[PDB]
Amino acid sequence: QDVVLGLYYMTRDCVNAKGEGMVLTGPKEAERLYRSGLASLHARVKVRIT
Amino acid sequence: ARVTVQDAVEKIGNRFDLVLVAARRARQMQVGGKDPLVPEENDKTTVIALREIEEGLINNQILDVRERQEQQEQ
Amino acid sequence: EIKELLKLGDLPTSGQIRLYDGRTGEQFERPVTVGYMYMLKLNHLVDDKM
Amino acid sequence: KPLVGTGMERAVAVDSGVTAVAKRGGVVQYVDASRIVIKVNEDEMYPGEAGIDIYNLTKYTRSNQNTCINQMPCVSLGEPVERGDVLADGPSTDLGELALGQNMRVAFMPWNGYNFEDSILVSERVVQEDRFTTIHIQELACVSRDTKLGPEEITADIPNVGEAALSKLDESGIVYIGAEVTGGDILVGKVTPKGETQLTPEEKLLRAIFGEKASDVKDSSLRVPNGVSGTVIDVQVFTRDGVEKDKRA
Amino acid sequence: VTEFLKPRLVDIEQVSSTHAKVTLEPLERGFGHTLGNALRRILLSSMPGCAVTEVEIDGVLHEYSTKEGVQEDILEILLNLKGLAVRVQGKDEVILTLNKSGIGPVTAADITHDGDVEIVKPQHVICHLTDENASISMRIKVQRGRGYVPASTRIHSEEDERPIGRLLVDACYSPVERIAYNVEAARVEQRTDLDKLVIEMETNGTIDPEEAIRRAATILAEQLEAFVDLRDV
Amino acid sequence: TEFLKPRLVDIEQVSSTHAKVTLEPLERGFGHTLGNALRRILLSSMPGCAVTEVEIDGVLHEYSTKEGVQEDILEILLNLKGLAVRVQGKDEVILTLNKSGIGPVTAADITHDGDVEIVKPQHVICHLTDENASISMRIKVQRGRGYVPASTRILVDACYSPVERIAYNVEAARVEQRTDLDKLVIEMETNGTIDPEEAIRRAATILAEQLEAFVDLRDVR
Amino acid sequence: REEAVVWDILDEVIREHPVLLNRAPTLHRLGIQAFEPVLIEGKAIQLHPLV
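Printed below as a string of structure tokens:
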């Protein structure tokens, strides 16, 4: 009811994101998310993964 | 610090005699016979003995050799 | 007859007010139901069990 | 009072029992703690020399399960009071309505894991405001009469006394009203003088060392155990015919 | 980076009696929310304040008993004196007396006005005066200090064994109640990166708002000294 | 009134890319203050010299494939955004690229200047080139802060701070009378251009000279 | 008398010592579990949310 809820909200895909379709590395998404101008939904975007 | 003793489960075939080995090591570490090679960061003597077992420098056979060479030197 | 008493006293009809954060100060998501309910205090507490 | 009410809490509060009900009342002449007098009415009156209905309020008394009973006065000087209503508010019975809970700000948030599986989160404002603060009146009753030895006097200037207890007792017996209790202190003291026993001379040398009273009594004063600490309220020990000296009773 | 844009205090308003709209017109890209989030939490967390610590009442022993000639219990009177707001400038511990007998309510200006005691509220409610006999003599002690300290900490590390009559009050100072702030667009003809921020402070006539914001800036400047001037251990 | 200054260890980690500073002990409710101050003072507004614009010769349209590259025409953009080359004297400079043969693009082959200083030759711009020669491209760098998603045509996001991740952890302290206190542990990662403790010092100077307009009168002793 | 020396000794002992926790109805074998204590203000223990 808390951890499953949080990991369900932060990993749920949805359209019409702020700043859609950015190419970016792994840890830099936390750099972009913490300040401004990025939602957690962020559907259909290809980024770097190791 | 000394969360799981899984490395001694992998090395030593049994884990129930591991408790007797660890107690036999820890009493010799807290009374005397060998200086502690692990520094006392935030731990006691039994945790240092368990960490020395986790590193893989002591088992039942090494403590049997140590007991026989302590009984021989007397 | 509860939404009209909500919107009479300069409150939204949804009863949901956007809250900020106390630890990070950032804006939250979609607005949160806040209010003032009737709460109690039981007999059992720590000074008679510890 | 309950903002989210039912409507039947008025009939519950007027019939709760611990209240100040109104019988042929009127203008209240004087409002005080455990003191309220009512001017006699001219329309509805008794022929028995105009008797005055005065209600003695039971304030700061012990209830069951360590609860303080208080009577908060609600009426003032110079206002007419009809029949049926309440005059003084009891415990959690404010303004004549049953209000045994309070109203604080509720935000429905899972916040920082401090509310796991339907918990409750309390900030520092509730602690600083001292809301939901109750008073536990613990009874420490003792017996000092009718043993198999003889009659007894209250504490008889008991030995094994501490320095805080010597600062607590004014003359003898029960401590002064309003003293502090911390840890193990002598609150209730008693003796037990024997008539025909062995006087135990082995502790007699202890009588030469420590103790104001003779140590042959071997008394056990009811001290306060661990977990209880606070302030006393009143002394209402005993009433019987042929009243003795009774320095504190 | 030549950061020369510094915030200055300007045109602090006052609407009814308590909250003062302190405005900061020079801001930066994203430092407004940062400065507000730091300033509100530092101001509400730690700031010096003075209030009632204990009261010695002549004519009574403990706090659970009652007093004749009033319409209010002694414990409720201590809880109402807990919310009493007053400021002091000379010293820290000030003992104040209060003596008036009659018929009617009493005020906060009833006590003796001294050079260190500046009473700001005229309409504070204490226990009333019912009829012809109420000998109220309270020795109210106001102590300058810091955030919320309970009575058990005051008893701890203090061996005095006080006489019966000295009633301890929980140190609920509460100098600032609420702080509301937001970010608004700044003056035109700039680089289109300036903002401005307004801060309302419920300082209730005790501590000046400019003194409060300079104290908050002083604490935030002094708590950052494990930084650049660094040493090796 | 009175406060406390901590005297313990400050920096014990690997000085290449890891950073774990410790701040014990503090006051109740102040690890979040320093954390939220340093995060928004070092993350959003911090000067740098990263790559702003990349102009490759050929197709001036979307995703630019089949113009001298084989595996991806977009991974080289991420490799240039990952590269940070500091500029000391000038403000904006444009670098070129020269590559011959089949193999990964060596960062040491880029023609540098007196102010152009590469942080590491091991940065690979492009990996798979199935051609005997390569096509040069203009790489313009700037000194602008404010890492924003770029919407300016004629293209990649100009990075402001050399760090990549910032977080903080609050831990209780073991002071004698005060128990519930703050032990601030700042876990922040740096790509490897400038050492992280000097970046923390730069954020400290931002917080220091940001507040010099309020500590004028009276003087802070 | 709660001098600072026994507070330091208490901090030294509590930091490295196993402490068992269990329930008064214990119908599983998972009820008795050892953990490590921390000095926390108040007089109520907390239970770990994965327990």
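Chains as they are written, first to last, in our numbering: chain B, 2 to 51; chain U, 36 to 109; chain Z, 2 to 51; chain H, -5 to 243; chain R, -1 to 231; chain X, 50 to 270; chain A, 13 to 63.
Yeah, the Cβ is synthetic: ideal placement off N, Cα and C, and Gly gets one too.
When C-beta distances to chain A are compared with 7 angstroms, the residues of the region 222 to 236 of chain X below that value are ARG223, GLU225, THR228, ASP229, in chain order. Taking 9 angstroms as the cut-off between beta carbons, the residues of the region 54 to 80 of chain U near chain A are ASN77, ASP78, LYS79, in sequence order. Classified as buried, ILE180 of chain H has 16 or more neighbouring CB atoms from the shown chains inside 10 Å of its CB. Under the DSSP assignment, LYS189 of chain X falls in the beta strand (DSSP E) whose first and last residues are 186 to 190. Fully enclosed beta strand (DSSP E) runs of no fewer than 3 residues occupy 96 to 101 of the region 88 to 149 of chain H, in order along the chain.
The beta-carbon separation of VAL224 of chain X and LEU233 of chain X, rounded to 15 angstroms, does not stay under the 8 angstroms limit for a contact.
Annotation: the continuous alpha helix (DSSP H) that includes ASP23 of chain A extends over 16 to 27. A distance below 8 angstroms separates the beta carbons of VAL103 of chain X and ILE188 of chain X. Contacts between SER93 of chain X and chain B, judged by CB atoms closer than 9 angstroms, involve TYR35, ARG36, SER37 in chain order. Of all residues in the region 69 to 101 of chain X, only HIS81, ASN85 place a beta-carbon less than 8 angstroms from a beta-carbon of chain Z.
In terms of beta-carbon proximity, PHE110 of chain H lines the interface with chain B, with at least one pair separated by less than 8 angstroms. For the 8 angstroms CB-CB criterion, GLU198 of chain R and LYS19 of chain R form a contact.
Going by DSSP, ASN180 of chain R is part of the beta strand (DSSP E) stretching over 177 to 183.
When the beta-carbon positions are compared, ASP52 of chain U and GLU89 of chain U stay at least 8 angstroms from each other.
Residue pairing by DSSP puts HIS17 of chain R in a beta bridge opposite R:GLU200.
Straight through space, the alpha carbons of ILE167 of chain X and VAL100 of chain U are spaced by roughly 59 angstroms. Unbroken alpha helix (DSSP H) runs of no fewer than 4 residues, entirely contained in the region 41 to 68 of chain U, are found at 41 to 46, 52 to 66, following chain order. When only Cα atoms are considered, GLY97 of chain X and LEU177 of chain X end up about 30 angstroms apart. Contacts with chain X at 8 angstroms (Cβ-Cβ) do not include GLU48 of chain A. With the criterion set as a beta carbon lying under 7 angstroms from some beta carbon of chain H, the members of the region 126 to 150 of chain R are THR128, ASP129, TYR146, in sequence order. DSSP places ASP99 of chain U in the uninterrupted alpha helix (DSSP H) bounded by 95 to 108.
Spatial neighbours of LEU89 of chain H in its own chain (CB-CB distance under 8 angstroms, excluding positions within 5 residues in sequence) are listed in chain order as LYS(-5), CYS68, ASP83. DSSP lists H:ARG99 as the beta-bridge partner residues of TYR37 of chain Z. Taking the CA atoms as reference points, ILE162 of chain R sits about 13 angstroms from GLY224 of chain H. Shown here for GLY178 of chain H: same chain residues with a beta carbon closer than 8 angstroms to its own, the five before and five after excluded, namely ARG217, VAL218, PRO219, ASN220 in chain order.
Counting along the chain, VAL31 of chain A sits inside the beta strand (DSSP E) bounded by residues 31 to 33.
As summarised for the region 87 to 124 of chain R, the continuous beta strand (DSSP E) elements at least 3 residues long and confined to that stretch are 91 to 94, given in chain order. Listed in chain order, the non-local C-beta contacts of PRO148 of chain R below 7 angstroms within the same chain comprise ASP168, local neighbours out to five positions each way being set aside.
Taking CB atoms only, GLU209 of chain R has no neighbour in chain X less than 8 angstroms away.
With a cut-off of 8 angstroms on Cβ pairs, the region 32 to 39 of chain Z is in contact with the region 2 to 22 of chain Z, counting three or more such pairs. Taking the beta carbon of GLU213 of chain X as reference, the chain B residues within 9 angstroms of it are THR26, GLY27, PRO28, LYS29, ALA31, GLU32, listed in sequence order. The C-beta distance from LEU39 of chain B to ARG33 of chain B rounds to 5 angstroms, short enough to meet the 8 angstroms contact threshold. At a cut-off of 8 angstroms between C-beta atoms, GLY7 of chain B does not count as an interface residue with respect to chain X.
In this structure, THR71 of chain X lies away from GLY241 of chain X, with their beta-carbon atoms at least 8 angstroms apart. Secondary structure of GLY30 of chain R (DSSP, three-state): helix. Listed in chain order, the non-local C-beta contacts of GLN65 of chain U below 7 angstroms within the same chain comprise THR80, local neighbours out to five positions each way being set aside.
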